[PDB]
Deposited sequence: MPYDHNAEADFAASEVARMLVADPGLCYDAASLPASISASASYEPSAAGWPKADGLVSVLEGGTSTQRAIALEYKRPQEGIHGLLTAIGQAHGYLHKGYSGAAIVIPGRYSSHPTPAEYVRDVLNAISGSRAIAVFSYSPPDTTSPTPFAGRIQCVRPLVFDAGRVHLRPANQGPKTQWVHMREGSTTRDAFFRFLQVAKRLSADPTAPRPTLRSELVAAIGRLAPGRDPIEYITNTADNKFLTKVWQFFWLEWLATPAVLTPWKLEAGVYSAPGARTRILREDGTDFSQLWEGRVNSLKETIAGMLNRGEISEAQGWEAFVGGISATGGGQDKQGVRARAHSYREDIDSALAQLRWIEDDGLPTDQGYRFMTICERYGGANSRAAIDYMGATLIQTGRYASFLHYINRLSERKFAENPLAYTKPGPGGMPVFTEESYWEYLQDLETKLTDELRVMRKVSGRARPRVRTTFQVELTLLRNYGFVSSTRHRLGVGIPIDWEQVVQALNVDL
């Protein structure tokens, strides 16, 4: 008959004692007045047997929480009915609801825990609370005094495939970076490398109070990834031989022409930095030194910090600036391929690549080529790029198989290079503005521009997924689908 009234009174007396469950910690009122009452017959379709009215310190505050009492006679099936009844109370226009349930059941040991889990993981609402009570003592005037305990309170743009660079994300770079990471994880107490006396002097002159090694590697951190990057940079790319700015033979300064320890993709020789062309950071400095415009100390400072544009050109960059560009495009490539974790530790696939390279000839070997190509296709999501371009090309060439062709010598249509470039531009516009699966920013108004899909098409051509002939009259880009099929079941 009249049993939920005692539970409602107990909850009302508890709410004032513990404002934390009724109100959030951000705006918890100092004083709250709580009373118990029964809903009017016109309140709504649900009966709303009892409700506790709570008010904050202010005069205009007013909230009502309709509570639901489920006796153990209902069983474990009353838990589900209680959840539904709480939702109806909120829909009727109440501020909140309370599910008062026994602490334990004959078959269910943790009813309140289950109800709270249901309300959290699925309902996603914070306006209904759960109160599990100990068995009451009918003799006492207030059987639920101290029996009710709270359980759950209530509250009253992206490229979409792996970023790779033509000259900075070679196979040997990945191999040696992973090897250095593994060796440094094996021996965390490895000693920091050393820099030349002239190099550290120039670094100090350029920037006072800066770490010579943290400066030449373009890092501001001490994490594991920073450490392995520093070791790789100062051991494989920026070797002591490479870091020699000039040669002082016979009184005339000439670039030493020293190469690094990272093999080129073609395998003809090793890679180079700051040397090899008519203009290079290690050759303009030598030319200036022979001319006499700068001193040897100024030469070291220019080598570390670069050379300004001097008008109408790209300002040449030194070791510090090139370090950031090299670092942030081999880190991002490995992260996107998921060959390293977030902390910077090689994964199972990174260890598999290292194992393939060590067991077989090297990074420039057939097994390593196959593994890297399959990783690019599957994990690098180059298959998505191939599917996109194939779909767009087919939908453009089905309407007209001579879409971009030009008249030939005798009038026979021919797929010239201008047609290829405008077709690629249309593909780029479709992939950027319409499909929105490529982040792209314009700028750099320069005498020369760069080919659309330069690195992607270069890598695809090198790995064999597209034909050596870069275009055809009908298909457009001649995708080799047998190779893609073979690479799509490698199961790395």
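Asker: Where does the model skip over parts of the deposited sequence?
Answerer: No C-alpha coordinates exist for 1-5, 162-174.
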